[PDB]
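Reviewing the structure listed below.
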Amino acid sequence: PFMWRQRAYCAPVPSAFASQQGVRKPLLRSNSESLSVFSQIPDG
Amino acid sequence: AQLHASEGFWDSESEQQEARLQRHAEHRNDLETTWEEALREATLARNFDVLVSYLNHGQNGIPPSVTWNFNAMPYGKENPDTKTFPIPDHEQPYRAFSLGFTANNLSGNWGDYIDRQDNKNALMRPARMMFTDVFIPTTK
Amino acid sequence: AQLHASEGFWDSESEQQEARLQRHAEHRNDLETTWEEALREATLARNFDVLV
Amino acid sequence: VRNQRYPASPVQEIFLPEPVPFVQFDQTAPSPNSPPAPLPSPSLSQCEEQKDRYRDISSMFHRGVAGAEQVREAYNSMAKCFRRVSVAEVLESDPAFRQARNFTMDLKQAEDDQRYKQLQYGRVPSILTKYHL
Amino acid sequence: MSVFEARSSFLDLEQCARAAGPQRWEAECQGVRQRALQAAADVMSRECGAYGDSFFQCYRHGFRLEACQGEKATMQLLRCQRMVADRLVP
Amino acid sequence: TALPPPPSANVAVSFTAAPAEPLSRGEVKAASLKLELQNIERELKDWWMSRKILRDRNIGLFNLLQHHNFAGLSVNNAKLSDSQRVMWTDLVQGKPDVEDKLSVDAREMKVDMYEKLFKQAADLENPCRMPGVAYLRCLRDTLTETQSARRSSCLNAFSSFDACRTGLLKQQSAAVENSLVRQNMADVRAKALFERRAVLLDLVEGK
Amino acid sequence: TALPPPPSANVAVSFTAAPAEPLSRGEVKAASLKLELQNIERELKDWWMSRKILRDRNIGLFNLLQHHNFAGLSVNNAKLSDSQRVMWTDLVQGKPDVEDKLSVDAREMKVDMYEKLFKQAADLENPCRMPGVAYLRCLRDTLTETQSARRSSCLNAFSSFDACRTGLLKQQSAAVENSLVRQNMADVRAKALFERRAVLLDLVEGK
Amino acid sequence: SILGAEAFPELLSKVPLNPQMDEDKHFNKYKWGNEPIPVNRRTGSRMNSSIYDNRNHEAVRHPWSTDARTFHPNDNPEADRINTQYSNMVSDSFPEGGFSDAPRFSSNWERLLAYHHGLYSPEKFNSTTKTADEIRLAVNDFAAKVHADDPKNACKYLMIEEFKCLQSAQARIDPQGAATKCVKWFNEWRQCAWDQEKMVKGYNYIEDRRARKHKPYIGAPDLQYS
Amino acid sequence: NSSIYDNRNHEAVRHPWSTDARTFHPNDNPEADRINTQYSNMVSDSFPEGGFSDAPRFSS
Amino acid sequence: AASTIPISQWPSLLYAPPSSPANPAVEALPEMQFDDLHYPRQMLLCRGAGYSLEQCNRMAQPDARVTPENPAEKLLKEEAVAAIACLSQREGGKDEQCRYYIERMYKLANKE
Amino acid sequence: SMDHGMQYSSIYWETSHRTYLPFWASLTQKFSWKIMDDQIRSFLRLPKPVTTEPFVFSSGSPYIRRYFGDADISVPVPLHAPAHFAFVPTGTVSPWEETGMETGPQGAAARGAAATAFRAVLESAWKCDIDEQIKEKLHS
Amino acid sequence: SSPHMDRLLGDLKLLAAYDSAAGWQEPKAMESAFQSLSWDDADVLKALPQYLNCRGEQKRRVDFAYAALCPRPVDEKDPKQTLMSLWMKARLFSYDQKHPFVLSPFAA
Ligand SMILES: CCCCCCCCCCCCCCCCCC(=O)OC[C@H](COP(=O)([O-])OCC(O)COP(=O)([O-])OC[C@@H](COC(=O)CCCCCCCCCCCCCCCCC)OC(=O)CCCCCCCCCCCCCCCCC)OC(=O)CCCCCCCCCCCCCCCCC
Ligand SMILES: CCCCCCCCCCCCCCCCCC(=O)OC[C@H](COP(=O)([O-])OCC(O)COP(=O)([O-])OC[C@@H](COC(=O)CCCCCCCCCCCCCCCCC)OC(=O)CCCCCCCCCCCCCCCCC)OC(=O)CCCCCCCCCCCCCCCCC
Ligand SMILES: CCCCCCCCCCCCO[C@@H]1O[C@H](CO)[C@@H](O[C@H]2O[C@H](CO)[C@@H](O)[C@H](O)[C@H]2O)[C@H](O)[C@H]1O
Ligand SMILES: CCCCCCCCCCCCO[C@@H]1O[C@H](CO)[C@@H](O[C@H]2O[C@H](CO)[C@@H](O)[C@H](O)[C@H]2O)[C@H](O)[C@H]1O
Ligand SMILES: CCCCCCCCCCCCO[C@@H]1O[C@H](CO)[C@@H](O[C@H]2O[C@H](CO)[C@@H](O)[C@H](O)[C@H]2O)[C@H](O)[C@H]1O
């Protein structure tokens, strides 16, 4: 949490800067989720 | 995987830079055209309020400050960009073993799933056909 | 055939344009560096003949 | 252009590499057991050639056929000749340097001393002292 | 902090020195002296900082850069200081 | 919208239209006026484009922050919960402290909430982070106490925290004021340039 | 040569150095002076760069023309043969005509030389090409005649040729004069801007 | 009055500031001579690197005109690299004086628009490489701040190491290339965060009984793991 | 760029100034009936009537 | 012999550099500090307390959290002064004219 | 020009490499006991997994499970609209502007304390020299 | 006519040269530098013992400046490095006691 312009892997996805989009999908997501396997896909 | 493609994750740094440049150029052209129009109108009307009003003729969010892509992630058996601490041998996996009078898997190396290499050496690569029971050639 | 290559005959239009751009950029950078130097010298000397 | 340290690099490096040099002193000659003798106190009676050559070269430079390197060299020689007497005056007047002048010591005492135990670098204070916490 | 202010300060210094004399100036004209020196110093910093920062960068990098080759890195700074002095004190 | 490109001659005019007589005083003065006009227009364009780009970027930033429900030193967010708003206003304007009415577990929870919120708000580059964390650590140390006994111990850190806080507030105020002044000066200069261009166009000559 | 880039802080300063107090009148005036200075420098840079680029390009063109041994309306070429120079000076300043001393074959050769030279010199876009070619065609028609009898027939075309010729000459003269005037005006304006910048630097304030 | 008399001892006494100056001025006080740093390593422009990029080894395109001659890293270095300090090592991967792709904007709104679209940062374009001393100062300040933040944290040194690796790889002027190196320490910090959380909040799972063939061979030792 | 013997084929031409890289696409699969076969309607298959969109506005 | 150091080994190269005739204190390299935020932070804190710019500038002090001082400057004081006198008198110790003092200091500091 | 590509590399089998497939492999087919196990669990009222309950207790913030046509395929989705906070003042940074070139405190701080100290040292030395010059001038 | 400035810049160049020669393993060059490091300055020689005994604000200013110029900690066993450091610090101390330093960006 120190060098934001230099650490892009810890930055929000470009869809978050867009200011537009029962339960809805989250508005804020990071690129660090790419480092997890079951972040987006289910654990079925 | 399609979600990643929307965010430009599968794109290369060149493609990201080109998209960024394209946005820049479109915005610049819009701005300059609007300036020409505003100046013409304000000159024929001789009023500064027209220039002022042309400041709100076109703001969703902002362009991303930084981007991250898949090619920026390192890969390699020897590449030290992936080595933090040594992994114990009792946790490292084994390579397949095949040995016989007829065939083996030790005279060559096929590589990993990403970083592949020819199993035959340079002298016998032009004669690969001779080391096969079946051979299906290329289409050209 | 080598003479043609000196004149850029075997090169494509993209390559010709890139060489043209490269010359343009080198010239521009030389000019701007020289301007910065000239302005600094003429400011420390307070004389227009140095710029000239 | 490089003068290789190991002309026979594949062979020399293995059994006779080059060590890190030692620059404090030669280390191949004996160690003097006595200090240097006090050189004669100087004066302005030895700036003859320095002054006259500096004057000549400054005149020839004002003309334009001398150059600047010669001027710098001559001026620095003359300035060294003056700094000699300045430093002599300082050393002989200031009292803090009398001990240094009549300082003497032997390698045996140097090896027997025990101040090397306290040559450890300190530790920078905490950054909270800036906010006074 | 400006050239005009520094020149006025040096004029004040010189006139107060002429008033006091060659014997008591160093004792009677200290505040004006310090003000004049500080103003000239601000002027020098403003007009020669770029060259000072360039020399600092060259010293950090051991004079390995292109602009650090030769003696210009030093001659530029010295020339700027000489020009500032010749423009202020006389 | 843009205009179509201007028409060009179909037959090639190389130099046949060049003047065969040197210019006159009036034509020279008109050329000088044209140069002055183009310089004025360049300045006006710079002002206008800078103003437009900055306005658009800052409105986009505001919309993004409103979309992600952000709150700053100026608490101007209506979608906040009352509890979150109280906690943020205590961190910004008041004094964070645990009440004696709460049990020790609830005090620990409150301090953990304060710490989480403040660490997400202030990064390592922020000056007030260290004082804030120190004050909250003192609170953690002094949970099993009363406010009267906790003040004497935590005041030495709350002082620095409040100092950094007020510093940030003053920074924000000064930034607003200076930006207003600079903006107004630039706009006045642009208006004056526009009037100068108007008079120069009334004086211009040619066809 | 260029300077090295300026030094940057190693520790990150985000906003800790921002002012905590609004600016003052003197600082505002100094900012205005800085803006005036940067505008002046922009104008000076434009003038200087245009002058430099044009000078370099035109010197290169001159060297290229001298390298390929070119000659124009202003005959300023020393490597010319006397015969070529006479022929070019007749085409530019005098009257091309075949002498009675020559045989008919030599007259035909001279007219062919004139035609080749003039067609290589003037292209189809040039206005004087048609009159010149018409005059030379009249000469071809009237080879087997004397100059006295040829004048009455070729004068009607030589008139138009000489008119176009003098027109080009006047164009060149006017171009030189106007370029000189414009150049001098621009240089004077640049000098005035430089002096204005000098006084503004003497008045500037800060460190 | 001559300028700079006592300021050029390097010239008076033939003291070279570097082997390049030694070779130039012919002082000949460097026993090992000098291997010149070629121009393609002294200066150049940013280039694409990945083989999975079509414009690989090509200069990066910017909104402004840029010299497309690229900085070439040292791919075939000599066996003896007598100076193995950071000063001489950094020149194999970056130019000390920075890249030659910096802009001179004709106006302020062009700068504004480039920044707004993410194509310009002065921190990235108008700057040199960081010296080892500067890197160390920054790292030590960051370490002090992290320790003050929380001493009883396990991922502290991991965060410090990712900061250190960014600084060493010059992320200011090569952010993508440096992230390519530091994402591993970022991932380790992520793992340590989860581990610390699960140790603080007691999180465990029902382990299944031991497998019938836990040992491949009866005579093999079954080393116990926590 | 047009030639197949160019590496940057079907890519926009690069200029010293910033340019929109969206290219004009010629009509490669035209309809059978092109009722207007005048030059006016034919030229639009190979060039844009209003010219290309790569014109510069020089700052100086 | 001196082999190239890849870019992945630079973080260790910074805090464990190779041997040289003039080495630094590797044990103290983690203690070298120079805060660029000292004066900005000081001013911010004082202005938040409520002082004016002049009061802040009068109360400002230079940073004490800098690289520690060499203990030799306090332990080998007399020997260092004597060596400096020898240098000033003998032109920097040319042709081994201060070897005496330099060797005494080296022995005192190293002890074999 | 990426779809429907030609065979670019050759297909072959090296001599005496094994296949591990018998002659009835095509009649062989796979099978999983999972469907039968689920039926049996539902019929015998055996312990169910918590994924059958949409609410998620595995965190403090509210999560709800979204099911893709079966209880075995689910993803937790957060319900909160998280409020974010910034302990930062506005209008205190202009990153596009190069600040090391402007004169002022912000300029020196975008530069460093080292450069400022060096400038101050040069200032002091210059003042010493100028004081010497002033003395030698006014003594005349 | 600018001895203080000239000798300051020269000493800085010589420190840089010593570091470079150490990196490149050049005893001859580094000893040349050490010998050329202006040891015959009466002002600095007279200020040396004063710096060795100073204390408080003056010492803190001088140490701040010396950390700005040379932040790397020299080896506590190398007398040449120790002596060059002492000489630079004494020079800075002389400059400061003649005209004090102003290290803060905020000033007027
Ligand atoms: C870190 C350190 C590590 C270090 C290393 C450590 C190593 C690991 C640990 C080691 C620990 C030690 C363990 C021990 C070592 C392990 C060894 C091991 O496991 O082996 C693995 C290794 C194989 O492992 P793999 O991973 O599968 O390797 C790839 C495959 O092998 C690839 O397969 P392929 O594609 O190449 O195909 C091969 C093919 C090869 O097939 C053939 O060769 C058969 C050819 C027959 C042709 C003629 C047939 C005529 C019969 C006609 C019948 C009537 C008509 C019916 C018509 C239909 C039938 C034709 O198929 C077979 O192999 C069939 C084998 C099964 C049948 C065996 C028959 C045995 C009969 C013996 C007869 C004895 C007669 C004695 C008489 C004495 C004289 C008086 O062993 C081998 O090398 C394989 C080849 C073995 C050779 C067998 C040759 C038999 C030939 C018999 C001919 C008889 C004719 C006699 C004529 C003389 C009288 C006139
Ligand atoms: C020189 C050395 C001497 C020292 C010895 C040293 C060695 C000592 C150690 C022993 C060796 C160990 C080495 C390690 C072995 C590891 C490697 C290995 O084994 O596998 C490699 C090798 C690798 O293959 P792969 O690609 O990896 O595939 C692996 C699969 O798992 C398997 O692939 P697959 O399943 O595809 O292959 C099986 C194959 C063969 O499988 C079988 O056939 C099953 C075996 C049944 C045998 C009994 C039936 C015999 C019938 C004979 C009657 C013929 C007519 C009489 C004519 C008389 C006049 C000639 O199936 C077929 O090709 C199609 C046949 C389907 C029908 C079978 C069931 C019906 C049987 C009744 C016939 C009815 C026909 C009705 C038609 C429909 C009418 C409506 O495996 C094989 O090749 C398996 C077949 C090997 C056959 C070799 C041919 C030679 C056999 C003779 C051997 C020597 C004989 C000695 C004298 C005794 C006989 C007189
Ligand atoms: C258990 C040992 C006893 C059983 C022996 C089993 C069979 C032995 C295998 C064949 C030995 C010769 O193998 C031959 O040399 C090496 C094998 O790695 C390969 O050579 C290839 O890999 C080596 C890596 O070491 C490279 O240096 C070389 O450039 C490349 O061509 C050849 O492609 C192979 O033809
Ligand atoms: C007098 C005491 C009884 C004497 C006879 C002992 C016979 C024991 C050998 C039988 C094989 C045991 O092999 C293996 O070891 C132990 C049980 O022993 C089990 O181990 C598992 O269950 C046991 C419960 O007892 C747990 O303590 C253990 O943490 C778990 O790993 C394995 O499920 C079993 O597969
Ligand atoms: C139509 C007629 C149908 C007849 C049905 C007959 C049903 C018989 C079912 C027996 C199933 C036993 O299944 C097997 O048993 C052993 C012990 O008993 C279990 O236990 C074994 O493995 C596990 C771990 O791997 C541990 O408990 C232990 O190490 C070992 O004892 C196995 O995990 C289980 O896979």
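Quick reminder, even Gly has a Cβ in these numbers, built from the backbone with ideal geometry, and neighbours come from all protein chains shown. Each value in this text was obtained by applying a stated rule to the coordinates, not by laboratory testing.
Do you know which residues across region J:28-46 are of a type outside the set (S, T, N, Q) and more than 7 Å from every other protein chain (Cβ to nearest Cβ)? Steps first, please.
As a first pass, look at region J:28-46 and keep what is of a type outside the set (S, T, N, Q): J:28-32, J:34-41, J:43-46.
Answer for region J:28-46, where residues must be of a type outside the set (S, T, N, Q) and more than 7 Å from every other protein chain (Cβ to nearest Cβ): just J:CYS46.
Is it true that B:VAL66 is over 27 Å from the mean Cα position of the chain (by Cα) and within 30 Å of H:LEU112 (Cβ to Cβ)? Before the answer, list the steps.
Working: over 27 Å from the mean Cα position of the chain (by Cα): no; within 30 Å of H:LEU112 (Cβ to Cβ): yes.
Considered against the rule, which asks whether it is over 27 Å from the mean Cα position of the chain (by Cα) and within 30 Å of H:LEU112 (Cβ to Cβ), B:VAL66 comes out as no.
With the structure loaded, tell me whether H:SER226 is within 23 Å of B:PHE85 (Cβ to Cβ) and within 16 Å of ligand 4 (Cβ to nearest atom) or whether it fails that test.
yes
On the given criteria, is H:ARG172 more than 10 Å from chain A (Cβ to nearest Cβ) and either within 16 Å of ligand 1 (Cβ to nearest atom) or in a loop (DSSP other than H, G, I, E, B) (or both)?
Values: more than 10 Å from chain A (Cβ to nearest Cβ): no; either within 16 Å of ligand 1 (Cβ to nearest atom) or in a loop (DSSP other than H, G, I, E, B) (or both): yes.
No; evaluated as a whole, the condition is false for this residue.
Mind listing just one residue for me: the one in region B:83-140 that is more than 16 Å from K:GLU14 (Cβ to Cβ), among the hydroxyl-bearing types (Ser, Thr, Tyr) and surrounded by 10 or more Cβ atoms within 10 Å (Cβ to Cβ) and, of those, farthest from ligand 2 (Cβ to nearest atom)?
Step by step, filter region B:83-140, then rank; the result is B:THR84.
For I:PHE47, state whether it is closer than 19 Å to C:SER14 by Cβ and either away from every other protein chain (no Cβ under 11 Å) or surrounded by fewer than 10 Cβ atoms within 10 Å (Cβ to Cβ) (or both). First the steps, then the outcome.
On the way: closer than 19 Å to C:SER14 by Cβ: no; either away from every other protein chain (no Cβ under 11 Å) or surrounded by fewer than 10 Cβ atoms within 10 Å (Cβ to Cβ) (or both): yes.
The answer is no for I:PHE47.
Does H:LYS156 satisfy the criteria of being under 30 Å from J:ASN23 (Cβ atoms), buried (at least 20 other Cβ atoms within 10 Å of the Cβ), basic (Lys, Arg) and more than 16 Å from ligand 4 (Cβ to nearest atom)?
Details: under 30 Å from J:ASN23 (Cβ atoms): yes; buried (at least 20 other Cβ atoms within 10 Å of the Cβ): no; basic (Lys, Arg): yes; more than 16 Å from ligand 4 (Cβ to nearest atom): yes.
So H:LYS156 does not fit the description; no.
For residues in region K:98-118 being at the interface with chain G (Cβ under 8 Å from one of its Cβ atoms), part of a helix (DSSP H, G or I) and not hydrophobic (A, V, I, L, M, F, W, C), which is nearest to the chain's Cα centre (by Cα)?
By that ranking, first place goes to K:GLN106.
Scan region D:40-56 and give yes if some residue there is within 14 Å of chain L (Cβ to nearest Cβ) and among the small types (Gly, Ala, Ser), otherwise no.
Quick first cut of region D:40-56, residues within 14 Å of chain L (Cβ to nearest Cβ) only: D:42.
Cutting the leftovers down to among the small types (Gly, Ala, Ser) gives us none.
The answer is no; no qualifying residue exists.
Across region F:71-112, what is the total count of residues that are among the basic types (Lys, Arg), in a loop (DSSP other than H, G, I, E, B) and under 26 Å from the mean Cα position of the chain (by Cα)?
The first filter runs over region F:71-112 and keeps only residues among the basic types (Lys, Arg), leaving F:79, F:85, F:95, F:101, F:107, F:110.
Going one step further and asking which of them are in a loop (DSSP other than H, G, I, E, B), we end up with F:79, F:95, F:101.
Narrowing the set further to residues that are under 26 Å from the mean Cα position of the chain (by Cα) leaves F:79.
So the answer is 1.
In region H:22-42, is there at least one residue being more than 30 Å from E:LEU78 (Cβ to Cβ), in a loop (DSSP other than H, G, I, E, B), under 17 Å from the mean Cα position of the chain (by Cα) and away from chain L (no Cβ under 14 Å)?
Just the residues of region H:22-42 that are more than 30 Å from E:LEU78 (Cβ to Cβ), to begin with: H:31-33, H:35, H:38, H:40-41.
Filter once more, keeping what is in a loop (DSSP other than H, G, I, E, B): H:31-33, H:35, H:38.
Going one step further and asking which of them are under 17 Å from the mean Cα position of the chain (by Cα), we end up with none.
No: region H:22-42 contains no residue that is more than 30 Å from E:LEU78 (Cβ to Cβ), in a loop (DSSP other than H, G, I, E, B), under 17 Å from the mean Cα position of the chain (by Cα) and away from chain L (no Cβ under 14 Å).
To keep it simple, each residue is scored yes or no on (1) exposed (fewer than 12 other Cβ atoms within 10 Å of the Cβ); (2) in a helix (DSSP H, G or I); (3) within 14 Å of chain K (Cβ to nearest Cβ).
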{"position": "G:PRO4", "(1), (2), (3)": "no, no, yes"}
{"position": "G:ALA30", "(1), (2), (3)": "no, yes, yes"}
{"position": "G:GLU36", "(1), (2), (3)": "no, yes, no"}
{"position": "G:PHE62", "(1), (2), (3)": "yes, yes, no"}
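Spot the failing condition for H:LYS130; the list is (1) buried (at least 21 other Cβ atoms within 10 Å of the Cβ); (2) within 16 Å of ligand 4 (Cβ to nearest atom), and only one is missed.
Single failed check for H:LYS130: (2).
For region H:59-82, check the following and say yes or no: at least one residue is part of a loop (DSSP other than H, G, I, E, B), crowded, with 18+ Cβ neighbours inside 10 Å, within 14 Å of chain K (Cβ to nearest Cβ) and within 17 Å of the chain's Cα centre (by Cα).
Among the residues of region H:59-82, not one is part of a loop (DSSP other than H, G, I, E, B), crowded, with 18+ Cβ neighbours inside 10 Å, within 14 Å of chain K (Cβ to nearest Cβ) and within 17 Å of the chain's Cα centre (by Cα), which makes the answer no.
For region L:18-70, name all the residues that are more than 7 Å from every other protein chain (Cβ to nearest Cβ) and under 20 Å from D:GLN27 (Cβ atoms).
Hit for region L:18-70 is L:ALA21, nothing else.
Scanning for something away from ligand 2 (no atom under 16 Å from the Cβ) and over 22 Å from the mean Cα position of the chain (by Cα), does region H:154-172 turn up at least one residue? Spell out how you get there, then give the answer.
Narrowing region H:154-172 to residues away from ligand 2 (no atom under 16 Å from the Cβ): H:154-172.
Going one step further and asking which of them are over 22 Å from the mean Cα position of the chain (by Cα), we end up with H:154.
Looking through region H:154-172, at least one residue is away from ligand 2 (no atom under 16 Å from the Cβ) and over 22 Å from the mean Cα position of the chain (by Cα).
Looking only at region F:150-205, filter to residues that are of a type in the set (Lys, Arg) and away from chain K (no Cβ under 13 Å); which one of those is surrounded by the most Cβ atoms within 10 Å (Cβ to Cβ)?
Filtering region F:150-205 down to residues of a type in the set (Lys, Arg) leaves F:150-151, F:165, F:170, F:182, F:189, F:191, F:196-197.
Next cut, away from chain K (no Cβ under 13 Å) only: F:150-151, F:189, F:191, F:196-197.
Details: F:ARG150: 19, F:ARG151: 14, F:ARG189: 16, F:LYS191: 16, F:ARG196: 13, F:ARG197: 22.
Of everything passing the filter in region F:150-205, F:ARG197 is surrounded by the most Cβ atoms within 10 Å (Cβ to Cβ).
Condition (residue is away from chain F (no Cβ under 14 Å) and part of a loop (DSSP other than H, G, I, E, B)) applied to region J:47-54: is it met by at least one residue? Before the answer, list the steps.
Of region J:47-54, the ones away from chain F (no Cβ under 14 Å) are J:54.
So of that shortlist, the ones also part of a loop (DSSP other than H, G, I, E, B) come out as none.
No, region J:47-54 contains no residue that is away from chain F (no Cβ under 14 Å) and part of a loop (DSSP other than H, G, I, E, B).
Table: residues versus (1) under 19 Å from H:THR131 (Cβ atoms); (2) out of contact with any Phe, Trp or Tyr (no Cβ under 7 Å at 6 or more places or on another chain).
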{"position": "L:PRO3", "(1), (2)": "no, yes"}
{"position": "L:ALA17", "(1), (2)": "yes, yes"}
{"position": "L:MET30", "(1), (2)": "no, no"}
{"position": "L:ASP40", "(1), (2)": "no, yes"}
{"position": "L:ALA47", "(1), (2)": "no, no"}
{"position": "L:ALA65", "(1), (2)": "yes, no"}
{"position": "L:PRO71", "(1), (2)": "yes, no"}
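Report, by residue number, each residue of region J:77-112 that is more than 9 Å from chain L (Cβ to nearest Cβ) and in a loop (DSSP other than H, G, I, E, B).
Scanning region J:77-112 gives J:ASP95, J:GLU96, J:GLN97, J:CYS98, J:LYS111, J:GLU112.
If we scan region H:186-204, do we find a residue that is surrounded by 10 or more Cβ atoms within 10 Å (Cβ to Cβ), within 14 Å of chain A (Cβ to nearest Cβ) and either closer than 16 Å to A:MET3 by Cβ or within 16 Å of ligand 4 (Cβ to nearest atom) (or both)? Walk me through how you get there before you give the answer.
Step one: list which residues in region H:186-204 are surrounded by 10 or more Cβ atoms within 10 Å (Cβ to Cβ), which gives H:186-199, H:203.
Within this subset, residues satisfying the condition of being within 14 Å of chain A (Cβ to nearest Cβ) are H:186-194.
After this cut, where a residue has to be either closer than 16 Å to A:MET3 by Cβ or within 16 Å of ligand 4 (Cβ to nearest atom) (or both) as well, the list is H:186, H:189.
Within region H:186-204, one or more residues are surrounded by 10 or more Cβ atoms within 10 Å (Cβ to Cβ), within 14 Å of chain A (Cβ to nearest Cβ) and either closer than 16 Å to A:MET3 by Cβ or within 16 Å of ligand 4 (Cβ to nearest atom) (or both).
Which members of region E:1-31 meet the condition of being surrounded by fewer than 19 Cβ atoms within 10 Å (Cβ to Cβ), not in a loop (DSSP other than H, G, I, E, B) and not charged (D, E, K, R)?
E:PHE4, E:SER8, E:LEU11, E:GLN15, E:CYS16, E:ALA19, E:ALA20, E:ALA27, E:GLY31
Checking the conditions here, which among H:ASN18, H:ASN40, H:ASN54 is surrounded by fewer than 19 Cβ atoms within 10 Å (Cβ to Cβ) and in contact with a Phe, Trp or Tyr (Cβ under 8 Å, 6 or more places away or on another chain)? Break it down into steps so the answer makes sense when it comes.
Numbers: H:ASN18 fails: surrounded by fewer than 19 Cβ atoms within 10 Å (Cβ to Cβ); H:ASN54 fails: in contact with a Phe, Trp or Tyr (Cβ under 8 Å, 6 or more places away or on another chain).
H:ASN40 is the lone residue from the list that is surrounded by fewer than 19 Cβ atoms within 10 Å (Cβ to Cβ) and in contact with a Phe, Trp or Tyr (Cβ under 8 Å, 6 or more places away or on another chain).
Here is a list of conditions, (1) more than 16 Å from ligand 1 (Cβ to nearest atom); (2) closer than 30 Å to H:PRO221 by Cβ, and B:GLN92 meets all of them except one; can you say which number that is?
Here B:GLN92 clears every test but (1).
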